[PDB]
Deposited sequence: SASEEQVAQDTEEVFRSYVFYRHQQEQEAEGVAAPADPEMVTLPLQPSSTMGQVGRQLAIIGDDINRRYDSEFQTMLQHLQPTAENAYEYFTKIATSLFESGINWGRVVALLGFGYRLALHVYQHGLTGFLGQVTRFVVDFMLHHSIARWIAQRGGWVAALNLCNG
């Protein structure tokens, strides 16, 4: 549908802003220079809101995801496959806004982990994983049925 397609084209700006604000807030509590680089756009506000409201629960899982990603050993060659299978298994049960933010958070954690392990210049490739998965696995469609990404601005705590 046309609404699904608009949402899927907005995901890149949402994910890029989410990555920026999430990294900035964790740094203010080693930096990834690829994450430090329009802010008043509705999609930029959405990414920032979702970084803010997930902060407390994301912190509780930091140690688990660090251990699991070390075990997974993602590389340039297997990261598409691992990201897709992980994201597919996440949504097998269903979709709600928390799981959508968990997907964005997984793209953030994956991008950060591979950079810290020496895979440079990869953030754009993770962004494409997130955008393409949401289009092709009905996540953008669910978001369109909520009224688009702007509906996430009305999530609080």
Counting from 1 along the deposited sequence, which stretches were left out of the model?
30-34, 43-45, 166
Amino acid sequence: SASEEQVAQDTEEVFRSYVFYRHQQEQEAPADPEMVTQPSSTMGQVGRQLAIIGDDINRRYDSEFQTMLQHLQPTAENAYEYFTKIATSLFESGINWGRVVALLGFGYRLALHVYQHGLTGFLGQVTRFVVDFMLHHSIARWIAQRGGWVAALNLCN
From here on, numbers count along this sequence of modelled residues.
In the PDB record, does 124-132 or 103-111 carry the higher mean Cα temperature factor?
124-132
Averaging C-alpha B-factors over each stretch, which comes out higher, 80-88 or 67-75?
67-75
With respect to the C-alpha temperature factors reported in the PDB entry, which of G118, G47, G98, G94 ranks highest?
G94
